[PDB]
2 protein chains.
Amino acid sequence: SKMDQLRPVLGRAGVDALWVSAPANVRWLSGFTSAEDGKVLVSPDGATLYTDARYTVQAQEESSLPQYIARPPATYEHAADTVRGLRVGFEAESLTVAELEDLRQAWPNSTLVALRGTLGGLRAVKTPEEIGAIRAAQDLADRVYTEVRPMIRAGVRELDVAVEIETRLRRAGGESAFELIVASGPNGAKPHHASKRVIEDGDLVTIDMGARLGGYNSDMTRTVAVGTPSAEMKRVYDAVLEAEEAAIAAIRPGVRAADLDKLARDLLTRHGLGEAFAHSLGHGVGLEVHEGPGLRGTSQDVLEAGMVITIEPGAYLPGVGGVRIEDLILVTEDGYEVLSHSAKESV
Amino acid sequence: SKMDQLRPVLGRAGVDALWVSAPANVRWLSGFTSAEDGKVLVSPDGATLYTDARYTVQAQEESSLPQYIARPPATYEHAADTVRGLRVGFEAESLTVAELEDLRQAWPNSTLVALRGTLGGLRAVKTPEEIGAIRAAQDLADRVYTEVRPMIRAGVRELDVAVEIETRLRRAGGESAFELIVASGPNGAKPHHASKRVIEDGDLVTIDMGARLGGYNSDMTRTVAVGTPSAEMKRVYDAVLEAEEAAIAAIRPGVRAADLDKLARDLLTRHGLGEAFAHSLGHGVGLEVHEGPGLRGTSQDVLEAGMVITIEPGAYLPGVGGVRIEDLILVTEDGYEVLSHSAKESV
Ligand code: NA
Ligand code: NA
């Protein structure tokens with residue numbers, strides 16, 4: 001029914017067909033797992049996966065769409081017959097200008113229509129299979145975080161904590177989902193990863209990590225104390241945890257993403273941290289680490305059952321320290337389920 | 001003098017200015033190391049790095065170009081005054097259609113000109129500083145390969161060899177430059193990394209790896225025997241090594257890239273492997289793992305001193321095994337220098 005829903009979405013967008021080039025959307029539509037080397041045409045006649053003959057067996061095993069096996073430009077030249085006379089959308093935030101020129105030459109009797117975000121709303125609600133995959137990725141992340149966290153102590157390099165997490169994710173058959181952040185002391189205030197800095201007694205340490213497993217992602221963030229933090233950084237931590245648990249507890253179908261953001265910013269302001277926080281509270285997670293919906297104050301997104309999102313308030317005191325705490329949340333029919341189960345400690 | 005050369009290149013391309021969006025070319029032009037978050041305008045008035053105020057200090061420390069500090073769209077709106085009346089090239093293989101539309105709106109009195117490969121020839125010849133950086137990356141790769149290679153023996157998973165290489169690269173302050181290949185037995189024939197397969201007595205094992213360090217890349221490939229290979233796979237290995245050393249020995253300023261490719265394909269044919277080899281012999285390496293020049297049979301590239309390229313014949317017997325051997329080569333004023341120093345073994 002994802003494909004059942006897409007052609008009406010295309011009609012609402014004013015097009016008859018869609019050339020799908022973003023790798024995550026090629027994979028979402030077809031099941032093909034080397035999607036950088038595939039493209040999909042959705043048309044009034046059906047939907048076809050285009051990929052080359054190095055992928056013949058893989059694509060036959062994986063793809064829920066019929067395959068046309070060729071290299072570019074034979075793929076979209078062959079497609080040209082299907083799109084004669086039509087308005088063909090393409091993904092303007094993905095397709096390069098050179099690729100557009102190539103399609104324009106191949107499809108002289110079509111009108112190419114630049115579209116933005118066309119599949120983003122459909123990707124936001126996950127199927128049961130996708131939720132299972134995300135649970136497995138987050139379970140791997142929780143296992144490795146829980147195994148590694150005891151190593152976080154005075155004298156350890158940030159980089160070495162990241163290396164240990166990455167090693168265990170990869171040995172398990174997954175991978176770190178994005179560049180791992182291990183930020184101690186004043187590095188916890190910085191907007192921009194894991195440096196060679198040695199963790200010091202008294203520091204908070206923020207660990208931002210996720211696993212990619214089976215093409216699906218997870219995402220959590222934890223902050224922990226090494227020794228006894230300053231009273232100030234303890235207040236920051238406790239406020240950020242307060243904000244995170246309050247925003248999570250408001251998740252339900254129909255809540256506006258922007259109203260979740262407002263709840264967290266109001267709480268941080270009340271706790272004297274109202275100019276210290278980041279400007280988005282969270283994002284969807286799935287085939288990409290960052291995807292829809294978006295939880296900014298300007299968001300028009302409305303949560304519904306089946307979405308998977310992060311909730312991540314933070315507060316940063318430049319030159320001093322900072323705290324982020326984040327969980328991965330499934331929206332359910334009548335509330336939420338927290339998927340990230342690693343401990344959240346006191347400090 | 002790289003910038004001294006670029007404006008004449010633009011003139012030959014028929015444009016007055018260039019909007020540089022590809023991260024490697026932003027970094028190449030400016031020195032800025034978070035180049036996904038910078039853009040460069042080259043214009044008749046000069047060259048400017050555009051980035052946001054989170055990078056103020058970093059960009060002042062790193063950039064050889066003056067900085068205009070803003071977020072998009074203020075960056076290219078501010079630039080609009082500079083490009084009034086001009087033909088402005090952009091990088092058509094990098095810029096998305098949405099980004100082009102954004103520039104078209106901002107620059108209504110300019111003509112936007114789609115260009116391909118504009119900076120690729122200038123990037124191909126490295127400066128002394130860049131050669132130093134590439135040597136350091138390849139030296140790190142050689143150290144880690146040499147440390148890890150003794151672990152390659154019967155009973156070991158391919159994945160575990162890759163994990164060990166990645167762990168050591170990261171702990172040293174670098175990173176694996178691309179998805180590491182450790183391909184044993186019949187996996188050595190496959191076109192498409194490091195699986196959970198257990199290496200078997202009698203297998204050849206192909207290790208394709210590089211380090212990224214300081215923004216510069218390296219690249220080598222080795223094949224080694226575990227135990228005694230079949231006579232057949234020994235013939236394949238010896239032929240591929242013969243081809244690699246012969247092609248390397250023909251490198252000098254003025255040699256045509258396509259003629260190096262022909263030398264290797266003719267040698268593999270003579271050794272009964274003339275339908276088993278890949279269709280490019282090698283590529284440049286620098287800020288990206290794969291960059292110009294290109295060593296295909298159709299290449300028009302001519303090597304010159306200062307280029308850094310791979311030479312990588314291979315031969316694959318599907319269902320059976322395969323061999324690739326690759327070194328990283330600096331073209332010198334009167335020959336070549338092999339930068340990758342790890343042992344090449346007999347089998
Ligand atoms: Na996170
Ligand atoms: Na290689």
Side-chain angles (χ1 to χ4, degrees), chain A residues 134 137-138 141-142 144-145 162 165 169 176-183 188 193-194 205-212 217-223 240 244 278 280-285 288-291 295 308-314 322-329 338-340 342 344, chain B residues 134 137-138 141-142 144-145 162 165 169 176-183 188 193-194 205-212 217-223 240 244 278 280-285 288-291 295 308-314 322-329 338-340 342 344:
Chain A
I134 295 167
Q138 177 62 50
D142 280 324
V144 170
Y145 176 82
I165 292 168
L169 292 178
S176 182
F178 55 83
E179 182 178 0
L180 262 157
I181 298 165
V182 182
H193 297 285
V205 183
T206 294
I207 301 96
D208 177 4
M209 60 174 281
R212 183 200 204 251
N217 292 282
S218 73
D219 195 3
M220 74 181 151
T221 306
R222 292 287 181 270
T223 296
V240 171
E244 196 235 14
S280 182
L281 185 60
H283 50 88
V285 178
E288 294 177 281
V289 176
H290 295 257
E291 54 176 65
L295 280 62
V308 174
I309 61 167
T310 61
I311 295 291
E312 181 170 31
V323 174
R324 296 153 54 208
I325 302 169
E326 173 196 76
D327 282 286
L328 189 72
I329 316 293
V338 182
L339 308 178
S340 43
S342 291
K344 287 176 270 179
Chain B
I134 295 167
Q138 177 62 50
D142 280 324
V144 170
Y145 176 82
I165 292 168
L169 292 178
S176 182
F178 55 83
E179 182 178 0
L180 262 157
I181 298 165
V182 182
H193 297 285
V205 183
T206 294
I207 301 96
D208 177 4
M209 60 174 281
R212 183 200 204 251
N217 292 282
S218 73
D219 195 3
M220 74 181 151
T221 306
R222 292 287 181 270
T223 296
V240 171
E244 196 235 14
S280 182
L281 185 60
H283 50 88
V285 178
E288 294 177 281
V289 176
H290 295 257
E291 54 176 65
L295 280 62
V308 174
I309 61 167
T310 61
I311 295 291
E312 181 170 31
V323 174
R324 296 153 54 208
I325 302 169
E326 173 196 76
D327 282 286
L328 189 72
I329 316 293
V338 182
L339 308 178
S340 43
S342 291
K344 287 176 270 179

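Start at 1 and go down the list; that is how both ligands and their atoms are numbered. What you see below is based on every heavy atom in this structure, not just the backbone, and it leaves out hydrogens, waters and symmetry mates. Below, chain A is the first sequence line, B the second, and so on; all start at residue 1.
Between A/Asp219 and A/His283, some side-chain heavy-atom pair lies under the 4.5 Å cut-off. Under the 4.5 Å side-chain criterion, counting only non-hydrogen atoms from C-beta, B/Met220 is in contact with B/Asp142. Contact annotation: the side chain of A/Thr221 never approaches that of A/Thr310 to less than 4.5 Å [non-hydrogen atoms, C-beta and beyond].
Distances from the Na ion (ligand 1) to each N, O or S atom of A/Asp219 single out OD1 as the nearest. Restricting A/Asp208 to its N, O or S atoms, the one at the least distance from the Na ion (ligand 1) is OD1. For B/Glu326, the N/O/S atom at the shortest distance from the Na ion (ligand 2) is named OE1.
Among the backbone and side-chain atoms of B/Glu312, no N/O/S atom is found under 3.0 Å from the Na ion (ligand 2). Under 3.0 Å from the Na ion (ligand 1) lies an N/O/S atom of A/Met220, whether from backbone or side chain. Among the atoms of B/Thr221, an N, O or S atom falls under 3.0 Å of the Na ion (ligand 2).
The pair A/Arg222-A/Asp327 counts as a salt bridge, with a side-chain nitrogen and a carboxylate oxygen less than 4.0 angstrom apart.
With A/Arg324 as reference, A/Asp208 is the one residue of A/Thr206, A/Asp208, A/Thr223 to meet the side chain to side chain donor-acceptor pair (under 3.5 Å) rule.
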